[PDB]
Amino acid sequence: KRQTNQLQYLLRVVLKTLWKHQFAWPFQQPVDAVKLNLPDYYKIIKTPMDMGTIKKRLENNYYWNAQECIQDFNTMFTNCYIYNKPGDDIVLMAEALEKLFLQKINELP
Ligand SMILES: CCS(=O)(=O)Nc1ccc(Oc2ccc(F)cc2F)c(-c2cn(C)c(=O)c3[nH]ccc23)c1
């Protein structure tokens with residue numbers, strides 16, 4: 001049986017696949033509430049999360065384990081579902097990314 005590190009797999013396989021997805025671009029940096037005109041965002045969302053922050057955490061030895069990283073991805077998706085209206089384009093984009101994420105995480109070593 002091959003021994004492959006879970007956090008390494010999360011960086012090189014999982015994050016890489018999601019980052020390249022056509023719907024990844026609104027999730028590659030923190031939400032810019034000022035430019036997007038969402039003045040209530042940082043009041044409703046208490047733990048903001050994005051793939052750019054996850055990428056930095058994976059590169060800067062932040063995570064204790066793979067589950068702490070998985071929680072950051074889940075926070076990013078649920079923040080989107082909490083803030084935005086169902087049926088909004090951004091929600092449809094997050095749902096497609098979350099479906100791909102769950103597929104990739106099923107094959108985690
Ligand atoms: C890179 C971060 S950014 O903030 O610098 N750029 C950025 C650009 C577009 C965005 O969304 C859109 C998507 C598809 C459209 F057709 C129009 C949009 F505006 C969002 C965006 C992200 N997220 C997570 C939300 O929850 C959200 N709610 C409302 C906007 C958003 C963020």
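Counting convention: from 1, in listed order, for ligands and their atoms alike. If you read the sequence from its start, that first residue is 1, and numbering goes on from there. Side chains are part of it too, since the values below use all heavy atoms of this structure and drop only hydrogens, waters and symmetry mates.
With rounding to the nearest 0.5 Å, the separation of NZ in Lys99 from CZ in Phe77 is 13.5 Å.
Here ring pair (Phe, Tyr, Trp, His ring centres under 6.0 Å) pairs that include residues 52-76, with residues two or more places apart or in two chains, are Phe73-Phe101.
Looking at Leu18 and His21, their side chains never come closer than 4.5 Å, going by heavy atoms from C-beta outward.
Under the 3.5 Å distance criterion, the side-chain polar atoms of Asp88 are left unmatched by any main-chain donor or acceptor of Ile90. With hydrogens and angles disregarded, a donor-acceptor distance shorter than 3.5 Å links the side chain of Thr78 to the backbone of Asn74.
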Quick one: table the atom pairs, ligand 1 N or O against protein N or O, below 3.5 Å, distance rounded to 0.1 Å.
unit_1   : atom_1 : unit_2 : atom_2 : d
ligand 1 : 4 (O)  : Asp32  : N      : 2.8
ligand 1 : 5 (O)  : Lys35  : NZ     : 3.1
ligand 1 : 26 (O) : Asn84  : ND2    : 2.9
ligand 1 : 28 (N) : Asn84  : OD1    : 2.9

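Both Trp19 and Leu108 are assigned to one and the same hydrophobic cluster, defined by single-linkage of ILVMFWY side chains at heavy-atom distances under 4.5 Å.
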